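# Sequence, then the experimental structure. Questions to follow.
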Amino acid sequence: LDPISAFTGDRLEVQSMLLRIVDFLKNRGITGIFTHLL
Amino acid sequence: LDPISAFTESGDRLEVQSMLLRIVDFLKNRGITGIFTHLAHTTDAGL
């Protein structure tokens, strides 16, 4: 995901969205790379 | 509690402070030790 920063911003909304993405990927056992500029 | 900072990031300023106050009050009233972890990234002094 290059970059997660572009999603801006509403603090709670961004926090929750990134949390959901990470949660789903980890429950499916997937490696995640997240570029920034939490 | 690893970490309490997550609610602070979530939002609800006064409600987060009050929730942490009540957690600490209950644990100390029950004589339970309470370790609370925090991330430094301005309202870390009041804690």
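Ah, there it is. Residues are numbered from 1 along each chain as shown, chains lettered A, B, ... in the order given.
# what's the nearest residue to residue A:12 if we skip its chain neighbours?
Excluding the flanking residues, the one nearest residue A:12 by Cβ to Cβ, 6 or more residues apart in numbering or on different chains is residue B:11, at 4.8 Å. Using the backbone N, CA and C atoms, a C-beta is placed for each residue, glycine as well.
# Would you mind measuring from that neighbour to residue B:17?
When distance is defined by Cβ to Cβ, to the nearest Å, residue B:11 is 12 Å away from residue B:17.
# Number of residues surrounding the residue in chain A that chain B sits nearest to?
Among all residues of chain A, residue A:12 sits closest to chain B, at 4.8 Å; criterion: Cβ to the nearest Cβ. If you count neighbours by other Cβ atoms under 10 Å in any protein chain shown, residue A:12 ends up with 12.
# Need phi/psi at it.
Dihedral pair for residue A:12: phi -60, psi -40, per degrees, to the nearest 10.
# do residue A:23 as well
phi -60, psi -50.
# quick one, helices of chain A?
A:11-27 (DSSP state H).
# Quick check: the residue nearest to residue A:12 touching residue A:14?
No. Using Cβ atoms under 8 Å, residue B:11 makes no contact with residue A:14, being 11.2 Å away.
# Thought residue A:17 was touching residue A:8, still the case?
No. Counting by Cβ under 8 Å, residue A:8 does not reach residue A:17; the two are 10.9 Å apart.
# Of the two, which one has the most company?
Using other Cβ under 10 Å as the criterion, residue A:8 and residue A:17 rank with residue A:17 on top: 14 against 9.
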